[PDB]
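Report on the structure given below.
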Amino acid sequence: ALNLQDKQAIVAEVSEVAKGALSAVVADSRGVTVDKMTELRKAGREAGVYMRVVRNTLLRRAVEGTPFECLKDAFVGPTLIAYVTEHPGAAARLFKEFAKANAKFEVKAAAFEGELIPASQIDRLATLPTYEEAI
Amino acid sequence: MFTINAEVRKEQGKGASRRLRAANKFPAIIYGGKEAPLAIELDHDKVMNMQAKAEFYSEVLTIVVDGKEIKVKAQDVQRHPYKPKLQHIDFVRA
Amino acid sequence: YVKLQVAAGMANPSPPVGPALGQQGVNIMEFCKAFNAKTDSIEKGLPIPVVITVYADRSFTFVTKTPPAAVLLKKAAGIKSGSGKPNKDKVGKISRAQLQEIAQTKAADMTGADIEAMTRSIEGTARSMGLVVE
Amino acid sequence: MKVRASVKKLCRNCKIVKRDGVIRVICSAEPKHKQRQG
Amino acid sequence: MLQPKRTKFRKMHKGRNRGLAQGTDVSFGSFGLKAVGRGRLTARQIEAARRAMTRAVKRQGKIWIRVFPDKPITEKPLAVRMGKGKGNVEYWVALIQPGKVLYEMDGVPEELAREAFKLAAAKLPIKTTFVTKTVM
RNA sequence: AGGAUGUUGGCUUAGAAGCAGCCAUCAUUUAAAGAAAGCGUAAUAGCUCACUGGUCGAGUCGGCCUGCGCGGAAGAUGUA
């Protein structure tokens, strides 16, 4: 299992990633084989998005550091976080077509702006263009 | 750092020492220096746990007897022939 | 659904391919020359792994993958057979460069996020087959 | 049934049970592992 | 089978087996098999227990045998009455007192040494225990 | 619920794909997943373990020292 020194280190790292990123998307990912994950990982690395499954207890500790404390309640059940550290969105986008297509898991709440984002209305982020669209 | 609580023995001999070990204690002795040797009693299982650590035989221990600390080092140990028990310990004044 | 490793512009044989997927409902000649048709571009004598995909109506599709690491490492070491006792008997040398090439091919087929990782996996194979990296 | 004086768990699925003052070994996987002390 | 190469005398008195043992701690290896009972160890039992431990660790590390069967034991043959001199030597034993370390092992993990000693203890007529080297 | 990728690791063999045997046992993506703990196949497939995320919500684990018991424990005239 995981000694206390481990878990402290796991927190620290997830927190440091949280400071650099700009758009966090949280989803259930239970009941999906590793191949489709491995596929989602190549889609995250490609799109510059940081992907982690982490203990809901342990995430609550990372979050509180700022400004995701709205996400607390998203940490009931199996949790997969998505940190778009370079650019915003694209994860929010990516997860939904991946969500729809695979009819396993769901997607919970996203968070931008230090504001929780409701499951349905995430379509906001999941339609925000490129940076690199204002030209 | 190991600290040990001890009591001075009232009487010595084979009969007295066996009654101690039946009462979950065991005798010990403190010699060294110019002072006279001092016969003491020790709680067995409590000391038995401390001697299970390798530093017990290398560092300097303190034995509080009559509320007086004495800095000593473990000199020699008499173990039970076939049981995980202690029969006697020689303490030399540090 | 079946997986094979077939020689580039070669297919059909009975002990090799025939029986194997033949006993699943697969049209032999079709796959033979479709396979060869697309594997024409492969270098001569590169054993290539193919995943054959059959459906209830006996019809099928397939994907071609990059050749096995062991194969490329055999060819890169200029040898024919891996060690009988890998890491007890050494049977040759690939430079870090050859590792990297093989890694980029197999990179088209790896799961490594970087060149270094893929290369390390290929090294893992190279170790597994008693080839030293030199 | 193995009737021996020394009954032991032979695999992961063997369970020790005491029925009517008799130590027994029941195994949900291997019927050969069924033992009883006697 | 261990046996003295030569002896000053061929036959010995029965004697007694009182007292506690000498050599009560692991002195060569790191793990030991200490006898908690009292009795005799024939040369065959010593060899049987050695083979059980030697094969248990697949001939690895080092094994010491701290005992040696130096006491000859005589027996009278069947259908022979009492008297007419002492019997002939038939086998050799080592007297064991409680606390005697019988075997020592080194160069193997502890969990492997316990199984090796457990397999060997099943061949011996006396109850034993597992001991490890300690800081004197 | 997952238990993945190189990869059917190399050798051997008619075949040997984690799982007859021999050698190696690295590396990747990992939350985690042994070049595989057991079943399974002609060889694959297929089941399951190790391991990990989730749920649950306060205890649970396995060694020592000891007390008293249990099994081991079958005989001949009649309980005996």
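Each row is one residue, and each column tells you yes or no for (1) surrounded by 15 or more Cβ atoms within 10 Å (Cβ to Cβ); (2) within 13 Å of RNA strand F (Cβ to nearest atom); (3) away from chain A (no Cβ under 14 Å); (4) basic (K, R).
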{"residue": "C:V51", "(1), (2), (3), (4)": "no, yes, no, no"}
{"residue": "C:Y55", "(1), (2), (3), (4)": "no, no, yes, no"}
{"residue": "C:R58", "(1), (2), (3), (4)": "no, no, yes, yes"}
{"residue": "C:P67", "(1), (2), (3), (4)": "yes, yes, yes, no"}
{"residue": "C:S83", "(1), (2), (3), (4)": "yes, yes, yes, no"}
{"residue": "C:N87", "(1), (2), (3), (4)": "no, yes, yes, no"}
{"residue": "C:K90", "(1), (2), (3), (4)": "no, yes, yes, yes"}
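Is it true that E:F117 is among the aromatic types (F, W, Y) and either away from RNA strand F (no atom under 16 Å from the Cβ) or within 14 Å of chain B (Cβ to nearest Cβ) (or both)? Spelling it out, it is not the case that E:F117 is among the aromatic types (F, W, Y) and either away from RNA strand F (no atom under 16 Å from the Cβ) or within 14 Å of chain B (Cβ to nearest Cβ) (or both). Of all the numbered requirements in (1) within 14 Å of chain B (Cβ to nearest Cβ); (2) basic (K, R); (3) surrounded by 16 or more Cβ atoms within 10 Å (Cβ to Cβ), E:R66 misses one, and that requirement is (1). A count restricted to the stretch C:92-115 and to residues that are away from chain A (no Cβ under 14 Å) and more than 6 Å from RNA strand F (Cβ to nearest atom) stands at 14. Are there any pairs, at least 6 apart or on different chains, whose C-beta atoms fall under 9 Å, with the first in the stretch E:14-25 and facing chain B (nearest Cβ under 10 Å) and closer than 16 Å to E:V93 by Cα and the second in a loop (DSSP other than H, G, I, E, B) and of a type outside the set (K, R), and if so, which? Sorted first by the residue in the stretch E:14-25, then by its partner, the pairs are E:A21/B:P81; E:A21/B:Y82; E:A21/E:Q97; E:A21/E:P98; E:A21/E:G99. Checked against (1) away from chain B (no Cβ under 14 Å); (2) surrounded by fewer than 13 Cβ atoms within 10 Å (Cβ to Cβ); (3) basic (K, R), E:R50 passes all but condition (2). Within the stretch B:51-84, the set of residues being surrounded by 15 or more Cβ atoms within 10 Å (Cβ to Cβ) and within 16 Å of RNA strand F (Cβ to nearest atom) comprises B:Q51, B:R79, B:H80, B:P81, B:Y82. Scanning the stretch C:92-120 for residues being surrounded by 14 or more Cβ atoms within 10 Å (Cβ to Cβ) and closer than 14 Å to C:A77 by Cβ gives a total of 7. Taking the stretch A:1-118 and the helices (runs of 4 or more DSSP H) fully enclosed by it, the elements with 1 or more residues that are under 14 Å from the mean Cα position of the chain (by Cα), within 14 Å of chain C (Cβ to nearest Cβ) and within 13 Å of RNA strand F (Cβ to nearest atom) are at A:34-46.
So for the stretch A:42-49 (the condition being closer than 24 Å to C:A113 by Cβ, touching a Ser or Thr at 6+ places or on another chain (Cβ under 9 Å), small (G, A, S) and surrounded by 15 or more Cβ atoms within 10 Å (Cβ to Cβ)), does at least one residue qualify? The answer is no; no qualifying residue exists.
Just to be sure, is E:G29 within 14 Å of chain B (Cβ to nearest Cβ) and either closer than 30 Å to B:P84 by Cα or in contact with an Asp or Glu (Cβ under 9 Å, 6 or more places away or on another chain) (or both)? Considered against the rule, which asks whether it is within 14 Å of chain B (Cβ to nearest Cβ) and either closer than 30 Å to B:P84 by Cα or in contact with an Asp or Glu (Cβ under 9 Å, 6 or more places away or on another chain) (or both), E:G29 comes out as no. Of E:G99, E:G83, E:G107, all but one fail to be free of Cβ contacts under 8 Å to residues at least 40 places away in the same chain and either touching a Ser or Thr at 6+ places or on another chain (Cβ under 8 Å) or more than 14 Å from chain B (Cβ to nearest Cβ) (or both); the exception is E:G83. Cβ separations smaller than 8 Å between residues 6+ apart or across chains give the following pairs from the stretch D:1-24 residues that are part of a strand (DSSP E or B) to residues that are within 8 Å of RNA strand F (Cβ to nearest atom) and β-branched (V, I, T): D:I16/D:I23; D:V17/D:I23.
Within the stretch E:32-47, the only residue that satisfies the criterion of being among the charged types (D, E, K, R), touching a strand residue (DSSP E or B) at 6+ places or on another chain (Cβ under 6 Å) and either within 14 Å of another protein chain (Cβ to nearest Cβ) or surrounded by 18 or more Cβ atoms within 10 Å (Cβ to Cβ) (or both) is E:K34. Scan the stretch C:10-29 and give yes if some residue there is among the hydrophobic types (A, V, I, L, M, F, W, C) and part of a strand (DSSP E or B), otherwise no. No, the conditions are met nowhere in the stretch C:10-29.
Kindly indicate whether any position in the stretch A:81-100 is of a type in the set (S, T, N, Q), under 18 Å from A:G20 (Cβ atoms) and surrounded by 13 or more Cβ atoms within 10 Å (Cβ to Cβ). Yes.
Backbone-built Cβ (ideal geometry, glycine too); neighbour counts: all protein chains shown. Bear in mind these aren't lab numbers, they're just calculated from the coordinates by the rules spelled out.
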